[PDB]
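Chemist: Sharing a structure with you now.
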Amino acid sequence: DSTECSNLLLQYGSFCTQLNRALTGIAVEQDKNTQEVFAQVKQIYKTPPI
Amino acid sequence: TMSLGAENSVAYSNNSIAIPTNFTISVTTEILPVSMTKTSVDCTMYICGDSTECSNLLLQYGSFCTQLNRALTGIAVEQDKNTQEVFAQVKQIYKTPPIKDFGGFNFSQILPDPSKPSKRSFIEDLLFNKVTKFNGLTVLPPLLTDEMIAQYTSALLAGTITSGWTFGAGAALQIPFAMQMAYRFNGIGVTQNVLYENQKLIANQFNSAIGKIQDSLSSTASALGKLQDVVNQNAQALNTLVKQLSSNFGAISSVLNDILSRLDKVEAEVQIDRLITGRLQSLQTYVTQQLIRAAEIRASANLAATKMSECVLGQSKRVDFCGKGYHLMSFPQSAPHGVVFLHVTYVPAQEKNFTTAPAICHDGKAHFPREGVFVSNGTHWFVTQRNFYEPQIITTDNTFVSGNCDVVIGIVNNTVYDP
Amino acid sequence: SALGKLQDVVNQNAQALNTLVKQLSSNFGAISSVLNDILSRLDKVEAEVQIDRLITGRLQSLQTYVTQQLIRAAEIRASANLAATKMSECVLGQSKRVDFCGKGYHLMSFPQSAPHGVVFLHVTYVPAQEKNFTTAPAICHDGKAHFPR
Amino acid sequence: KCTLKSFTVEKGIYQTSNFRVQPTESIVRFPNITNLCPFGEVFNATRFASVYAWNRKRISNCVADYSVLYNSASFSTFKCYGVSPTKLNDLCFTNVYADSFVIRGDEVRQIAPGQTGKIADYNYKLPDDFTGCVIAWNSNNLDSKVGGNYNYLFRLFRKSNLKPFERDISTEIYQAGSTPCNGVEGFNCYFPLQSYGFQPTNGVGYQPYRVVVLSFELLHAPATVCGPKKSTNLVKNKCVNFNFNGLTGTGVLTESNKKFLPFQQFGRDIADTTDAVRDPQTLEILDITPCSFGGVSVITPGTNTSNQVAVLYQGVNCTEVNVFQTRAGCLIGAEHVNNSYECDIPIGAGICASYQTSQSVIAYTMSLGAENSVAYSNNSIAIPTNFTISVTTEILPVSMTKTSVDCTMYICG
Amino acid sequence: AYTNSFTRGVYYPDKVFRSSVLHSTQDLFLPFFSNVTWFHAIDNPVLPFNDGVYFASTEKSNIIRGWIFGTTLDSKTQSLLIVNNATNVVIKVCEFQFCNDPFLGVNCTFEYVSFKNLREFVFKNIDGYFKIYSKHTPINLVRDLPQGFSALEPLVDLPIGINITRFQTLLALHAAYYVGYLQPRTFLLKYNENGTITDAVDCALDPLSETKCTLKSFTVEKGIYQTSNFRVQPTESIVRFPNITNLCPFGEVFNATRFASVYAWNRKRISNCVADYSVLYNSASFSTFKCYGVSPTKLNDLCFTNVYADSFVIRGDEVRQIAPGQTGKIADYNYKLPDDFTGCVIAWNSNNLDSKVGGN
Ligand SMILES: *[C@@H]1O[C@H](CO)[C@@H](O)[C@H](O)[C@H]1NC(C)=O
Ligand SMILES: *[C@@H]1O[C@H](CO)[C@@H](O)[C@H](O)[C@H]1NC(C)=O
Ligand SMILES: *[C@@H]1O[C@H](CO)[C@@H](O)[C@H](O)[C@H]1NC(C)=O
Ligand SMILES: *[C@@H]1O[C@H](CO)[C@@H](O)[C@H](O)[C@H]1NC(C)=O
Ligand SMILES: *[C@@H]1O[C@H](CO)[C@@H](O)[C@H](O)[C@H]1NC(C)=O
Ligand SMILES: *[C@@H]1O[C@H](CO)[C@@H](O)[C@H](O)[C@H]1NC(C)=O
Ligand SMILES: *[C@@H]1O[C@H](CO)[C@@H](O)[C@H](O)[C@H]1NC(C)=O
Ligand SMILES: *[C@@H]1O[C@H](CO)[C@@H](O)[C@H](O)[C@H]1NC(C)=O
Ligand SMILES: *[C@@H]1O[C@H](CO)[C@@H](O)[C@H](O)[C@H]1NC(C)=O
Ligand SMILES: *[C@@H]1O[C@H](CO)[C@@H](O)[C@H](O)[C@H]1NC(C)=O
Ligand SMILES: *[C@@H]1O[C@H](CO)[C@@H](O)[C@H](O)[C@H]1NC(C)=O
Ligand SMILES: *[C@@H]1O[C@H](CO)[C@@H](O)[C@H](O)[C@H]1NC(C)=O
Ligand SMILES: *[C@@H]1O[C@H](CO)[C@@H](O)[C@H](O)[C@H]1NC(C)=O
Ligand SMILES: *[C@@H]1O[C@H](CO)[C@@H](O)[C@H](O)[C@H]1NC(C)=O
Ligand SMILES: *[C@@H]1O[C@H](CO)[C@@H](O)[C@H](O)[C@H]1NC(C)=O
């Protein structure tokens, strides 16, 4: 949170935004992996009691 | 809070079963990326912009520029491996008879039409409308043209219609289409006469189903999301790599000829060596993301090749691999950088509940069904195949004996007819 | 040309090592690439600013080799899982899967060991000498339709 | 052979270098503003301003020669920022400004971007981004006098420091403590200007120095100051080396359909490179492209079997530079053939090449396979009457040699 | 009285042509949907100027004539006067003072000289350097600016060289005008095919605008986007140490007549004072000055636990040895500086003193 360093970091253009693009790509994919393993069943079946 | 799915409970008991009386032949679309844009970058023209003054500094960093050219070349060259392994499975370019006497099945939506200016099928020619710099960047062409790719999907489809799975086995043994479908039904345990005794309806279901896919693509925006994503990612990567030439990296200008116009050698070379470090970091980042993204596309291409062999060149026992429901057959269609499978599946429908038992007791012998299951309508007993209701009389032929009645839990008293 | 895949796996690794070793000769904008020259010819505060180039360059050179080796290892792992699958399905069994255990109908397979890899021999049945015949779906006899078992 | 570090090379297509269309000649274009700027009214001036009230002279609408300055023996100090002095005669600028004053020699190190000390604090603050030169010299021969020259003053006191090129002639009494001054001096209440009193006998650090500071208006904007450099005829639709107003370049100069607003001097690309310029003599909007380029892919048979060759200039059309043109590039040495063989060396877009008899590399559209009409009819089936066993071989990699690198031994030895 | 600024603030940021492109730029701009102050002819009060000002006037026949800028406006310090014939200008920078209700009846150091439509003639300042832009406009509510976007037709963009903190407009005698301060903003600007600016985003307006600026896009697809972080400025400044009033003894220690042999270097401790190091780093007596871990020009902002004035005489050759990481007989056998030394080395030739008469 130094403004003085933040201005010097703008000198590098877009490394410090394409890294958020990469990490968000990994992050959304974790929901997709979880979805594709479990959500194969289309209805919430429940057993009879007995 | 997201809903996981609608509530249901199966009406289970130790003596009740449900059997389908009808079915709905259902056609489903699966889309896979097979290749991606073959970019290539001249690293020296990107980094140095034709300055010899810069080139003399860039040699001090040695072999980075050559191994960056080597890495992007290996990515671009395997795209011409993937596309060959996915499509070029068929050894000979088969072609159809002149007339469409396929037992009632209307293939005119997915076979070629020489009326088209590019000899795609109707659905392939639809798919190609669904999917949408001097700085040393280039885009190379693929080894196969879109027109050559449409000959491979046409050969794979024409071999399938005229000779079934046999061309995958080694030779195109011709067969009537409705008899081929009978051997597809017998592969999913539905006894083959269920086909012939409904052939007109199975044709009406299939012909309606391909029609709904033409309409689905002729309306839906999001359908090709997987291919459009792979197209968008390579544009987003190049537009990032080019905007990175404008960055100062702390040097007194973004423009290398501005530095060379304003500063004397030792004062200029401090600024240029700073831009070289920034531009070279910005190129190694891009090549690393392309190496990662390429190995990901190759996982999709090996999956597509496996579906071409097991779903299209065959019939598969692998549950939910070649679309939902029981697999009958699949037709491949080409798309930009990708393949689309149409998978045709038998889905059972219109159940009825029945009483059931594991065995039947006669002259003290326990009788079991050879295929299918015993059921009762409430007053009589019958045997039917599992995947389709068909009440045969219970007989000494469609059943077999093992030991006395007293062993089996839940056995029932009924007579067996002896022909 | 037979063992192309295995030789490509040996050749790529030897090439990346040679490329990583050769980057020890590069200057990275220092007055020399040989670290003793900077340590001999220069006073400590000037020598250390020159060494910081060689450290930056040699490190960036090594990070590029390690990143290639991680990606190449993931490619060998995908092949190791596939060989482990073909050991279980093709050798230890018979496969209904078209093409998976070689072309034709799969009968049987044998593994053979190789440098850095495995070579399968896939035994398959290929149909040949086709006669043409007239055919029909069913026979009508006594007014009943008969279907083949 | 050199690219692959071997004389023995297997059959294939291989990269070698980026080819480029060469520049034909050099084109140097500058405004024809032929009158000379007034530097004799600046360095050889008859009187100089006090540093508290320094004088700014616009330099504009002219040619100039900075070598006359930097070759001179006359100057005791000649710092430059944003530019190197030996380069100055190649440049142009929208204006130059000469700021002028006298100080004592000890103060000269305060005349630098963003500095501190009474001159930089309260008299002349240079900006942090300074683009320009500071020229300073001893003037004890002219600006120093018996009993002291008191014509020069400097601000010793201020409430707050100057902003860059802020300038302050005011004469309020400085309040140095809680005592209010109310328009007169006293204890804690002092007049803000000192005076130097330069005597000809005083030490070389206390002696007077003239200072002139050339700020450069070095914008990519309409030029009005230029060096002595000459101007040539113009060229269009040809690859040339060039310079407009000190912006150097190398490219295909062309006419354009662009329409600059009246204040705009250059147009720029996404890559921040210039892609259009307004000609300084003619007011026409030229476009620029870099001259055309691509990979030199070389097609070869194996160098054991033959050393005859063909070359693909990737993606380009031979109009931009046996031969044939393809969507894959301008292809040289290879001989076109109608008959579609199986693909040997891949080129792209359905083309391949091979080495064949009459000897040449040949270029052909690849065969996809033998073509086979299938005998389908609604009542015919074929059934095999025999079989063959087959024994396909399949090969898979499982490991690669286990290597580890000690990163400290590799980096530091 | 206030009214809505809509989107009227934009100007071409630089003298470069760009076309068919979206460009992200940080500068002073008039932020969107902000409060312009609004005025009409019955009047021209003196106003603060802040960092820069947007001015616009919608008027029937050159009723507005120019402006005065400055600080005190009283001939005790410098001021800028502008009087104008639409775009042909008289400019003077001066101690000047026209009659102190300034109007037109129909000592200086820089000088320069060149409804169906109520006119948009529109102006803004950065530093002292007015940007001037214009268009026609029909009107039906003379209270308010028209909503439609325009960075208008260019007229003037010139620099000068002065100082300002207040300003005032000049009127003819024998109209409506607006004022709104600029603030530092990132704007995203859109250039059309012909290099004209046609749209803009004020990235601090709302979360949607911050999203647009994060993506470098004017249109956003359905989804969730990461854009910013909750962090807060130094809202006040706080100082905490055992406080003190003594001026430091440096003005006695450097002016002391005696000095030490370097093998026996004098660690004179210094503590418990206010100090001023500009007294030292501007003193031309010092033949050498160095600083390590600190910059000499920064020193007057700092504070320290303790200070030590390690002091001695050496010969002119040996001066180079007095730095961190050095070698040589003085450094190695008289006074060794740490490899990580923090502070300053202050040195002068003393051949006027330590070289005592008849030699020492
Ligand atoms: C089978 O019986 C259960 C009894 O509760 C009923 O809910 C269900 O709808 C029945 N299903 C069919 C296919 O008849
Ligand atoms: C059960 O099936 C037999 C033969 O179709 C029929 O005679 C009988 O009426 C049926 N019973 C019921 C309850 O439908
Ligand atoms: C099913 O449950 C009933 C009691 O509800 C019981 O009489 C019968 O024997 C059971 N049969 C089996 C197969 O468990
Ligand atoms: C089944 O039939 C036999 C002969 O009619 C009878 O003895 C027996 O009790 C019946 N029930 C069972 C469950 O065996
Ligand atoms: C089957 O008969 C047709 C008759 O035209 C012939 O073309 C075809 O080659 C025959 N097939 C085989 C495998 O003999
Ligand atoms: C430069 O000289 C030519 C005549 O040689 C003239 O046409 C042109 O107008 C001059 N440039 C300007 C800025 O007038
Ligand atoms: C090497 O090339 C020669 C012709 O130059 C050819 O005759 C020979 O067969 C090649 N070598 C091999 C191993 O085939
Ligand atoms: C090659 O370039 C010319 C223009 O120089 C163009 O007309 C032609 O269409 C290009 N060739 C091909 C095969 O398109
Ligand atoms: C290709 O074949 C045609 C005849 O089919 C002939 O006229 C033409 O000259 C041939 N072209 C080449 C390049 O061989
Ligand atoms: C099968 O083909 C014959 C002509 O060879 C035709 O008479 C008959 O109607 C066809 N039947 C079907 C179901 O296509
Ligand atoms: C404009 O001024 C009003 C008070 O007159 C205030 O409520 C409003 O918040 C101001 N506008 C903005 C954007 O803050
Ligand atoms: C503006 O108009 C006045 C009155 O005619 C005139 O004195 C002045 O010189 C004009 N200035 C300009 C720059 O046109
Ligand atoms: C007029 O300005 C000069 C500097 O430009 C200043 O020295 C002088 O004192 C001013 N005139 C008066 C009457 O103060
Ligand atoms: C841009 O210029 C072209 C002529 O080159 C013109 O047709 C078009 O209307 C212009 N568009 C705009 C929005 O200025
Ligand atoms: C020291 O701090 C106290 C309050 O904490 C204050 O009254 C006093 O004036 C301060 N003295 C100095 C020298 O800052």
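Each chain in the structure tokens gets a letter, A, B and so on, in the order shown; residues start at 1 in every chain, and ligands are counted from 1 in the order they appear.
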With only C-alpha atoms considered, list every residue of chain E at most 10 Å from chain A, as number ranges by chain.
Modeler: E: 214-215, 225-227, 231-233
Chemist: At a cut-off of 12 Å, using only C-alpha atoms, what residues contact residue 69 (chain C)? Leave out same-chain residues fewer than 2 positions from it and give the result as a list in words.
Modeler: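 Listed by chain and then number, they are residues 288 and 291 of chain B; 9, 12, 13, 14, 15, 16, 17, 20, 62, 63, 64, 65, 66, 67, 71, 72, 73, 74, 75, 76 and 77 of chain C; 400, 401, 402, 403, 404 and 405 of chain D.
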Chemist: Quick one: residues within 7 Å of region 307-315 of chain D, only C-alpha atoms, excluding same-chain residues fewer than 2 positions away - as a PDB file with N, CA, C and O atoms, in the first residue's frame?
Modeler:
ATOM      1  N   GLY D 294       9.990 -12.480 -42.063  1.00  0.00           N
ATOM      2  CA  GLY D 294       9.479 -13.791 -41.660  1.00  0.00           C
ATOM      3  C   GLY D 294      10.580 -14.815 -41.384  1.00  0.00           C
ATOM      4  O   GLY D 294      11.757 -14.586 -41.641  1.00  0.00           O
ATOM      5  N   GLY D 295      10.215 -15.991 -40.881  1.00  0.00           N
ATOM      6  CA  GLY D 295      11.179 -17.079 -40.714  1.00  0.00           C
ATOM      7  C   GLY D 295      11.661 -17.648 -42.056  1.00  0.00           C
ATOM      8  O   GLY D 295      10.863 -17.944 -42.948  1.00  0.00           O
ATOM      9  N   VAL D 296      12.974 -17.817 -42.190  1.00  0.00           N
ATOM     10  CA  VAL D 296      13.616 -18.599 -43.247  1.00  0.00           C
ATOM     11  C   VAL D 296      13.580 -20.069 -42.831  1.00  0.00           C
ATOM     12  O   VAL D 296      14.539 -20.607 -42.265  1.00  0.00           O
ATOM     13  N   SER D 297      12.464 -20.740 -43.101  1.00  0.00           N
ATOM     14  CA  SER D 297      12.441 -22.198 -43.035  1.00  0.00           C
ATOM     15  C   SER D 297      13.103 -22.789 -44.274  1.00  0.00           C
ATOM     16  O   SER D 297      12.777 -22.425 -45.397  1.00  0.00           O
ATOM     17  N   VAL D 298      14.018 -23.731 -44.087  1.00  0.00           N
ATOM     18  CA  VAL D 298      14.753 -24.421 -45.149  1.00  0.00           C
ATOM     19  C   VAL D 298      14.257 -25.853 -45.245  1.00  0.00           C
ATOM     20  O   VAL D 298      14.217 -26.547 -44.235  1.00  0.00           O
ATOM     21  N   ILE D 299      13.896 -26.299 -46.443  1.00  0.00           N
ATOM     22  CA  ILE D 299      13.476 -27.664 -46.732  1.00  0.00           C
ATOM     23  C   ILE D 299      14.684 -28.408 -47.278  1.00  0.00           C
ATOM     24  O   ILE D 299      15.269 -27.994 -48.281  1.00  0.00           O
ATOM     25  N   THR D 300      15.043 -29.519 -46.646  1.00  0.00           N
ATOM     26  CA  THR D 300      16.171 -30.339 -47.084  1.00  0.00           C
ATOM     27  C   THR D 300      15.838 -31.832 -47.066  1.00  0.00           C
ATOM     28  O   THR D 300      15.222 -32.312 -46.109  1.00  0.00           O
ATOM     29  N   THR D 303      21.218 -34.851 -45.435  1.00  0.00           N
ATOM     30  CA  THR D 303      22.481 -34.386 -46.054  1.00  0.00           C
ATOM     31  C   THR D 303      23.456 -35.510 -46.414  1.00  0.00           C
ATOM     32  O   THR D 303      24.386 -35.290 -47.190  1.00  0.00           O
ATOM     33  N   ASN D 317       4.170 -13.108 -49.360  1.00  0.00           N
ATOM     34  CA  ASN D 317       3.879 -13.188 -50.777  1.00  0.00           C
ATOM     35  C   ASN D 317       5.060 -12.595 -51.556  1.00  0.00           C
ATOM     36  O   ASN D 317       5.531 -11.517 -51.195  1.00  0.00           O
ATOM     37  N   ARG D 327      -0.275 -20.245 -49.580  1.00  0.00           N
ATOM     38  CA  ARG D 327      -0.746 -19.655 -48.312  1.00  0.00           C
ATOM     39  C   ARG D 327       0.264 -19.837 -47.162  1.00  0.00           C
ATOM     40  O   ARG D 327       0.307 -19.028 -46.243  1.00  0.00           O
ATOM     41  N   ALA D 328       1.124 -20.856 -47.242  1.00  0.00           N
ATOM     42  CA  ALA D 328       2.235 -21.102 -46.316  1.00  0.00           C
ATOM     43  C   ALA D 328       3.474 -20.207 -46.530  1.00  0.00           C
ATOM     44  O   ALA D 328       4.307 -20.105 -45.631  1.00  0.00           O
ATOM     45  N   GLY D 329       3.616 -19.537 -47.677  1.00  0.00           N
ATOM     46  CA  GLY D 329       4.712 -18.601 -47.952  1.00  0.00           C
ATOM     47  C   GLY D 329       5.224 -18.613 -49.391  1.00  0.00           C
ATOM     48  O   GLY D 329       4.767 -19.381 -50.244  1.00  0.00           O
ATOM     49  N   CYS D 330       6.198 -17.744 -49.641  1.00  0.00           N
ATOM     50  CA  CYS D 330       6.975 -17.710 -50.874  1.00  0.00           C
ATOM     51  C   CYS D 330       8.015 -18.850 -50.828  1.00  0.00           C
ATOM     52  O   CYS D 330       8.857 -18.907 -49.930  1.00  0.00           O
ATOM     53  N   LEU D 331       7.914 -19.807 -51.750  1.00  0.00           N
ATOM     54  CA  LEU D 331       8.676 -21.058 -51.751  1.00  0.00           C
ATOM     55  C   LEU D 331       9.637 -21.092 -52.942  1.00  0.00           C
ATOM     56  O   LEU D 331       9.211 -20.974 -54.089  1.00  0.00           O
ATOM     57  N   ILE D 332      10.931 -21.264 -52.676  1.00  0.00           N
ATOM     58  CA  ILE D 332      12.019 -21.149 -53.660  1.00  0.00           C
ATOM     59  C   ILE D 332      12.786 -22.472 -53.767  1.00  0.00           C
ATOM     60  O   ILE D 332      13.033 -23.145 -52.770  1.00  0.00           O
ATOM     61  N   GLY D 333      13.172 -22.847 -54.984  1.00  0.00           N
ATOM     62  CA  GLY D 333      13.904 -24.070 -55.320  1.00  0.00           C
ATOM     63  C   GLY D 333      12.998 -25.276 -55.580  1.00  0.00           C
ATOM     64  O   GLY D 333      13.310 -26.101 -56.436  1.00  0.00           O
ATOM     65  N   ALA D 334      11.860 -25.368 -54.889  1.00  0.00           N
ATOM     66  CA  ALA D 334      10.927 -26.482 -55.030  1.00  0.00           C
ATOM     67  C   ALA D 334      10.118 -26.424 -56.340  1.00  0.00           C
ATOM     68  O   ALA D 334       9.689 -25.356 -56.779  1.00  0.00           O
ATOM     69  N   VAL D 361      13.713 -30.871 -55.128  1.00  0.00           N
ATOM     70  CA  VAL D 361      12.624 -30.900 -54.150  1.00  0.00           C
ATOM     71  C   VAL D 361      11.338 -30.611 -54.919  1.00  0.00           C
ATOM     72  O   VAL D 361      11.291 -29.629 -55.653  1.00  0.00           O
TER      73      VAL D 361
END
Chemist: Can I get the residues close to ligand 4 as a PyMOL selection string, where close means within 10 Å and we count only C-alpha atoms and all ligand atoms?
Modeler: chain B and resi 360-364+405-406+410-415
Chemist: Would you mind exporting the chosen residues as a short mmCIF file (atom, residue, chain, number, x, y, z; two decimals), in the first residue's frame, restricted to N, CA, C and O atoms?
Modeler:
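Final output, saved to again-v1.cif:
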data_model
loop_
_atom_site.label_atom_id
_atom_site.label_comp_id
_atom_site.auth_asym_id
_atom_site.auth_seq_id
_atom_site.Cartn_x
_atom_site.Cartn_y
_atom_site.Cartn_z
N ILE B 360 -39.07 -69.37 -9.11
CA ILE B 360 -40.42 -69.94 -9.10
C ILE B 360 -40.34 -71.42 -8.74
O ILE B 360 -39.45 -72.13 -9.20
N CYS B 361 -41.26 -71.90 -7.90
CA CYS B 361 -41.29 -73.26 -7.40
C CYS B 361 -42.37 -74.08 -8.09
O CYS B 361 -43.54 -73.69 -8.08
N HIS B 362 -42.01 -75.23 -8.66
CA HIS B 362 -42.92 -76.10 -9.43
C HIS B 362 -43.04 -77.50 -8.80
O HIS B 362 -43.55 -77.61 -7.68
N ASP B 363 -42.55 -78.56 -9.43
CA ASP B 363 -42.49 -79.93 -8.88
C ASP B 363 -41.37 -80.08 -7.83
O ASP B 363 -40.51 -80.96 -7.92
N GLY B 364 -41.31 -79.17 -6.86
CA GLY B 364 -40.24 -79.09 -5.86
C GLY B 364 -38.92 -78.52 -6.39
O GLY B 364 -38.06 -78.14 -5.59
N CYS B 405 -36.79 -76.01 -3.86
CA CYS B 405 -37.35 -74.69 -3.56
C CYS B 405 -36.91 -74.08 -2.22
O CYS B 405 -36.89 -72.87 -2.08
N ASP B 406 -36.57 -74.89 -1.22
CA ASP B 406 -36.41 -74.41 0.17
C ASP B 406 -35.20 -73.49 0.40
O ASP B 406 -35.15 -72.78 1.40
N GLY B 410 -37.47 -65.79 -0.64
CA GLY B 410 -38.47 -65.07 -1.45
C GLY B 410 -39.01 -65.80 -2.69
O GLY B 410 -39.71 -65.18 -3.48
N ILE B 411 -38.70 -67.08 -2.88
CA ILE B 411 -39.27 -67.89 -3.97
C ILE B 411 -40.81 -67.92 -3.91
O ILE B 411 -41.38 -67.82 -2.83
N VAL B 412 -41.49 -68.07 -5.05
CA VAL B 412 -42.96 -68.10 -5.12
C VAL B 412 -43.49 -69.36 -5.81
O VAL B 412 -42.85 -69.90 -6.71
N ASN B 413 -44.67 -69.81 -5.41
CA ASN B 413 -45.38 -70.91 -6.07
C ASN B 413 -46.06 -70.40 -7.34
O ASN B 413 -47.01 -69.62 -7.27
N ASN B 414 -45.62 -70.87 -8.51
CA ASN B 414 -46.39 -70.77 -9.74
C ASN B 414 -46.05 -71.94 -10.67
O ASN B 414 -44.94 -72.47 -10.61
N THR B 415 -46.96 -72.34 -11.54
CA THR B 415 -46.68 -73.37 -12.54
C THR B 415 -45.80 -72.84 -13.67
O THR B 415 -45.80 -71.66 -13.99
#
Chemist: Extract the full set of strand (DSSP E or B) residues from region 78-244 of chain E according to DSSP on the backbone, and format it as a PyMOL selection string.
Modeler: chain E and resi 79-85+88-94+103-105+108-113+120-124+131-135+153-156+166-173+176-181+183-191+197-202
Chemist: So which residues are near ligand 6, meaning at most 7 Å away with only C-alpha atoms and all ligand atoms counted, given back as a list in words?
Modeler: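 Every residue with an atom at most 7 Å from ligand 6 is listed here: residues 31, 32, 33 and 281 of chain D.
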Chemist: Considering only C-alpha atoms, extract the chain B residues located within 10 Å of chain A and return them as a VMD selection string.
Modeler: chain B and resid 3 to 13 237 240 to 241 243 to 251 254 278 to 279 281 to 282 285 289 320
Chemist: Each residue of chain D lying at most 7 Å from chain B should get a row with its shortest atom-to-atom pair and the distance in Å to one decimal, counting only C-alpha atoms; could you produce that, ordered by chain and increasing number, as CSV?
Modeler:
residue,atom,partner,partner_atom,distance
D:18,CA,B:42,CA,6.8
D:83,CA,B:262,CA,5.1
D:84,CA,B:263,CA,4.8
D:86,CA,B:264,CA,7.0
D:87,CA,B:262,CA,6.3
D:246,CA,B:261,CA,6.8
D:247,CA,B:258,CA,6.7
D:248,CA,B:257,CA,6.3
D:249,CA,B:257,CA,7.0
D:270,CA,B:243,CA,6.2
D:271,CA,B:246,CA,5.3
D:272,CA,B:246,CA,5.1
D:273,CA,B:255,CA,6.5
D:328,CA,B:141,CA,6.5
D:346,CA,B:143,CA,6.9
D:347,CA,B:143,CA,6.9
D:348,CA,B:143,CA,4.2
D:349,CA,B:143,CA,5.1
D:350,CA,B:144,CA,5.2
D:369,CA,B:92,CA,5.2
D:370,CA,B:92,CA,5.1
D:371,CA,B:93,CA,4.6
D:372,CA,B:94,CA,4.6
D:373,CA,B:95,CA,4.8
D:374,CA,B:96,CA,6.3
D:375,CA,B:174,CA,6.3
D:376,CA,B:174,CA,5.6
D:377,CA,B:176,CA,6.4
D:378,CA,B:176,CA,4.8
D:379,CA,B:176,CA,6.2
D:380,CA,B:175,CA,6.4
D:381,CA,B:175,CA,4.6
D:382,CA,B:173,CA,5.1
D:383,CA,B:173,CA,6.8
Chemist: Using only C-alpha atoms and all ligand atoms, which protein or nucleic acid residues are at most 6 Å from ligand 5, as a JSON list (two decimals) with N, CA, C and O atoms, in the first residue's frame?
Modeler:
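In the end it all went to part35.json:
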[["chain", "number", "residue", "atom", "x", "y", "z"],
["C", 130, "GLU", "N", -13.90, -61.67, -47.69],
["C", 130, "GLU", "CA", -15.34, -61.44, -47.58],
["C", 130, "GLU", "C", -16.12, -61.95, -48.81],
["C", 130, "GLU", "O", -15.87, -61.50, -49.93],
["C", 131, "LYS", "N", -17.10, -62.83, -48.61],
["C", 131, "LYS", "CA", -18.11, -63.13, -49.62],
["C", 131, "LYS", "C", -19.27, -62.16, -49.51],
["C", 131, "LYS", "O", -19.59, -61.74, -48.40],
["C", 132, "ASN", "N", -19.93, -61.86, -50.62],
["C", 132, "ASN", "CA", -21.20, -61.14, -50.64],
["C", 132, "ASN", "C", -22.38, -62.12, -50.52],
["C", 132, "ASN", "O", -22.35, -63.19, -51.12]]
Chemist: Which residues of chain E are close to chain D, meaning at most 8 Å apart when you count only C-alpha atoms, and how do they look as a PyMOL selection string?
Modeler: chain E and resi 15-18+76-78+161-163+194-195+278+282+284+297
Chemist: Rounded to one decimal, what separation in Å do you get between CA of residue 207 (chain D) and CA of residue 146 (chain D)?
Modeler: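 Rounded to one decimal, the two atoms are 12.8 Å apart.
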Chemist: State, in Å with one decimal place, the distance from CA of residue 387 (chain B) to CA of residue 190 (chain B).
Modeler: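 Computed distance, CA of residue 387 (chain B) to CA of residue 190 (chain B), equals 5.8 Å.
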Chemist: Neighbours of ligand 8 within 9 Å, counting only C-alpha atoms and all ligand atoms, as a PyMOL selection string?
Modeler: chain D and resi 316-320+325-327
